[PDB]
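> 3D model of this:
(one chain, ligands or ions: 5)
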Amino acid sequence: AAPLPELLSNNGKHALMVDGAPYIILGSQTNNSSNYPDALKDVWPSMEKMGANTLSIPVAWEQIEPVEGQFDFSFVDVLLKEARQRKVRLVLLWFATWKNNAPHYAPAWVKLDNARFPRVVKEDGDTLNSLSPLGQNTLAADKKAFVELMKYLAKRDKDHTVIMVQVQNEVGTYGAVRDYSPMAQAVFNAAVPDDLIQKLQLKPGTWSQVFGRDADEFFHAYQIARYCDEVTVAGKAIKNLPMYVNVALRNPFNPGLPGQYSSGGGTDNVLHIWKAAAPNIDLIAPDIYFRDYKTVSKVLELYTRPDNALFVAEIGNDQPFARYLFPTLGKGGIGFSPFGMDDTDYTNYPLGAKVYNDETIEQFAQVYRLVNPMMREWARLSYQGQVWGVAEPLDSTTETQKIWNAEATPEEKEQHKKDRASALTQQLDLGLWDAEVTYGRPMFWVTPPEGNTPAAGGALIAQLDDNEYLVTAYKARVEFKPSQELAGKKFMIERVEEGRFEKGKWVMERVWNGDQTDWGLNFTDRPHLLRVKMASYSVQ
Ligand SMILES: CCCCCCCCN[C@@H]1C=C(CO)[C@H](O)[C@H](O)[C@H]1O
Ligand code: NA
Ligand code: NA
Ligand code: NA
Ligand code: NA
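Numbering: from 1, shown residues only. Ligands and ions are numbered 1, 2, ... in the order given. Below is the structure in question.
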């Protein structure tokens, strides 16, 4: 009976609707070789420990169509049944024409037949192991198999255990900007399509005439976007699930050249091409492995747009990455999915954690525990209302940084401490009230913040009414104050309640008061959900 999942976009805000209401993916993604029945026993325990509500896991073209026309959905059958037993949802990752630029997950009868299914050809005439998006047989074959997967879900997944499908994995090309095959050159050395000229409001011409120095890259992005949109449309005609693409990000400050980064993917410079070329693709999701706050923050800014719901489709599984949940949700993100959350004997350090163990999982579990108890209420407030979210904005002190700290004078030291306390103090404008969020200080008195070791804190705030906020935070202090001068009036906290939602209704457990509200609202590693009511009052 259940309504299809759907991505809603209204008033520049977004919701992923699941079972007729907004939903947050508190996700985990498997390692790349866990897409088989025998591997699932090494996936579920981690998902339970993490408290994730949705599993991202590959479905590979090589596994469903190992011999052309001979489909095998045995893996999908087991996965659906085992996910349902655990009352979790699924995001299937279609690994097909591209997985990290390459056709490794395409069947042997595809990836070993270059004449039928041709590769990118560099300007110098050398071939790269990246399938050309101008290969018409490759598009037809990928589309046919994707359709068979969507028919399987149409017939066998009536309650939508699968809520979303990723189409390909990190498309593009390493080692060239585009295809320079004779086939590609005939399409490049030709008019830009009318649709793209109309949607970007440009003057007609050839790719080189219209886009100049960007022609090669924008050509590759356009042709890959068109390919992915055709696969998406074909699959949606069977079952209209949300579908998205995930991006091998370029560094947003210092990207280098296309082909150094994965050329033609949804990088920040070609989001306009992708949105014009692929209007059937619901969102373009960043895959985040930059560890440093400023770069991560910049990625979250670039990918959150009126035309783009924010979904952190991948993030590293090392400790520093967990706190990015908070800004992701504060931007109205629909989900967050740390990569490599299984015990299949693999670690992707230097991208992720050096060691996979219960402590690795616990860093994410601890932040998920703040959101799970309010997931549906948060998702509704994010979409229909005003939310905020912050993370601790200094990264952990370096080996290098401690050396520079050790060699500093006592004036340079006390100055560094004032500077760190300032950087670890964030202001949020909540309308009539502001919050100040600080990191790494006692739960009593006003010693300045010194940060957590390692960096780890954050906060979420949702506005319930002009003077009332839902607040939860982690290894941080949150303090409220008036946003504007009060002309003679004083202010206080009126009431802080800790509680929970039962059947969508607020249940109070206790009132925070006294020491618990005199020095801000102090959070450790334990979950507390608060409703904070502020008041200004006359003394005249
Ligand atoms: C900050 C430097 C990051 C360089 C990484 C760029 C490519 C990331 N690709 C993703 C990351 C992993 C995690 O191991 C897997 O290969 C995923 O399948 C891939 O989508
Ligand atoms: Na949202
Ligand atoms: Na204000
Ligand atoms: Na203000
Ligand atoms: Na509680």
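
> Neighbouring strands of whichever helix or strand residue 313 is part of in the sheet, and parallel or not?
Using DSSP states H and E, the element containing residue 313 is strand 311-315. Each strand paired with strand 311-315, and its direction, by DSSP bridges: strand 283-288 (parallel), strand 335-338 (parallel).

> Turn the ones you listed into TSV, columns for distance to residue 239.
No exception for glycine: its C-beta is placed from N, CA and C like everyone else's. Compiled in TSV, those are given as follows (distance: least, CB to CB, whole Å):
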stretch	distance to residue 239
strand 283-288	18
strand 335-338	20
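
> Which among those is found nearest to residue 154?
strand 283-288 (22.2 Å; CB to CB).

> highest average neighbour count across the strands paired with strand 311-315?
strand 335-338 (a mean of 27; mean count of other CB atoms under 10 Å).

> Tell me the helix or strand right after the strand holding residue 313.
helix 325-330.

> Packing partners of that next one?
helix 293-303, strand 335-338, helix 358-371, strand 387-391, strand 458-465 (3 or more CB pairs under 8 Å, 6 or more residues apart in numbering; DSSP states H and E).

> for the strands paired with strand 311-315, which one sits closest to ligand 3?
strand 335-338 (28.1 Å; CB to the ion).

> quick one: the closest one near ligand 2?
No. Strand 335-338 does not reach ligand 2 (CB under 5 Å from the ion); its nearest approach is 9.8 Å.

> Show me the contact partners of that strand.
16, 24-29, 50, 54, 56, 91, 311-317, 321-322, 324-325, 328-329, 364 (CB atoms under 8 Å, 6 or more residues apart in numbering).

> Pull out the buried members of those.
Neighbour counting over the contacts of strand 335-338 (16 or more other CB atoms under 10 Å) leaves 16, 24-29, 50, 54, 56, 91, 311-317, 321-322, 324-325, 328-329, 364 as the buried ones.

> Verify the contact between residue 488 and residue 536 for me.
No. Look at residue 488 against residue 536 with CB atoms under 8 Å: they stay out of range, at 9.9 Å.

> Please identify which of these two sits among more neighbours.
residue 536 (17 against 9; other CB atoms under 10 Å).

> In the sheet, which strands lie alongside the strand or helix carrying the more buried one, parallel or antiparallel?
Here residue 536 sits within strand 530-537, counting by DSSP H and E. Its sheet considered, strand 530-537 pairs with strand 468-474 (antiparallel), strand 490-502 (antiparallel) by DSSP bridges.

> picking that back up, give me the angle between the strand holding residue 313 and helix 358-371.
170 degrees (axes from the mean of the first three to the mean of the last three CA atoms, to 10 degrees).

> can strand 311-315 be found next to ligand 2?
No. With CB under 5 Å from the ion as the threshold, strand 311-315 lies outside contact range of ligand 2, at a closest distance of 10.2 Å.

> mind checking how far that strand is from the chain centre?
When distances are taken as CA atoms, centre = their mean, to the nearest Å, strand 311-315 is centred 2 Å away from the chain's centroid.

> Can you tell me what sits against it?
Applying CB under 8 Å, 6+ apart, the external contacts of strand 311-315 come out as 16, 25, 29, 56, 166, 244, 246, 283, 285-289, 300, 321, 324, 328, 333-339.

> re the thing from before, please work out which of the helices and strands packed on helix 325-330 is packed deepest.
strand 335-338 (a mean of 27).

> is any part of it close to ligand 1?
No. Applying CB under 6 Å from any ligand atom, one finds strand 335-338 out of contact with ligand 1, separated by at least 10.2 Å.

> Tell me the buried residues in the strand holding residue 536?
530, 531, 532, 533, 534, 536.

> ditto for stretch 111-131
Result for stretch 111-131 [16+ other CB under 10 Å]: buried residues 111, 117, 118, 119, 120, 121, 122, 128, 130, 131.

> Looking at these, which is nearest residue 183?
residue 118 (7.1 Å).

> Quick check: the closest one touching residue 181?
Yes. At 6.6 Å, residue 118 counts as touching residue 181 under the criterion of CB under 8 Å.

> Kindly point out which residues are neighbours of both of these two.
Counting by CB under 8 Å, 6+ apart, the residues touching both residue 118 and residue 181 are residue 132.

> hmm, back to that, and of the helices and strands packed on helix 325-330, who's closest to residue 145?
strand 335-338 (24.1 Å).

> Run the chain-centre distance for that closest one.
That offset, for strand 335-338, works out to 5 Å (CA atoms, centre = their mean).

> Who are the contact partners of the closest residue to residue 132 other than its chain neighbours?
Once flanking residues are discounted, residue 132 sits nearest to residue 179: 4.3 Å by CB to CB, 6 or more residues apart in numbering. Under the criterion of CB under 8 Å, 6+ apart, the neighbours of residue 179 are 120, 121, 132, 133, 134, 173, 220, 223.

> on that earlier part again, so of the strands paired with strand 530-537, which one's packed in deepest?
strand 468-474 (a mean of 23).

> quick one, it and strand 458-465 angle?
Using the same axes, to 10 degrees: strand 468-474 against strand 458-465 is 170 degrees.

> So which residues make contact with strand 468-474?
323, 326, 366-367, 370-371, 374, 377-378, 381, 430, 433, 435, 437, 456-464, 478, 480, 521, 523-525, 527-534.

> what is the orientation angle of it with strand 387-391?
In terms of direction (the same axes, to 10 degrees), strand 468-474 departs from strand 387-391 by 20 degrees.

> gap between the nearest residue in space to residue 333 that is not next to it in sequence and ligand 1?
Excluding its sequence neighbours, the residue lying closest to residue 333 (CB to CB, 6+ apart) is residue 310, at 4.1 Å. Here residue 310 is placed at a distance of 17 Å from ligand 1 (CB to the nearest ligand atom, to the nearest Å).

> what's the neighbour count on residue 310?
Residue 310 - counted by other CB under 10 Å - has 27 other residues nearby.

> Correct me if wrong: it contacts residue 299.
No. Look at residue 310 against residue 299 with CB under 8 Å: they stay out of range, at 9.7 Å.

> need the contact list for residue 381.
Contacts of residue 381 by CB under 8 Å, 6+ apart are 387, 462, 463, 464, 470.

> make that residue 162, sorry
Counted by CB under 8 Å, 6+ apart, residue 162 has contacts 80, 89, 90, 91, 92, 153, 241.

> Summarise which helices and strands the helix or strand hosting the fourth one is packed against.
Here residue 91 is covered by strand 89-99, with elements defined by DSSP H and E. In terms of contacts (3+ CB pairs under 8 Å, 6+ apart), strand 89-99 is packed against strand 25-29, strand 54-60, helix 61-64, helix 74-86, strand 127-131, helix 136-156, strand 162-169, helix 215-238.

> Now the fourth one: buried residues?
In other words, helix 74-86. In helix 74-86, counting by 16+ other CB under 10 Å, buried: 75, 76, 79, 80, 82, 83.

> now, which of those sits nearest ligand 3?
With CB to the ion as the yardstick, the closest approach to ligand 3 among these comes from residue 83, at 44.2 Å.
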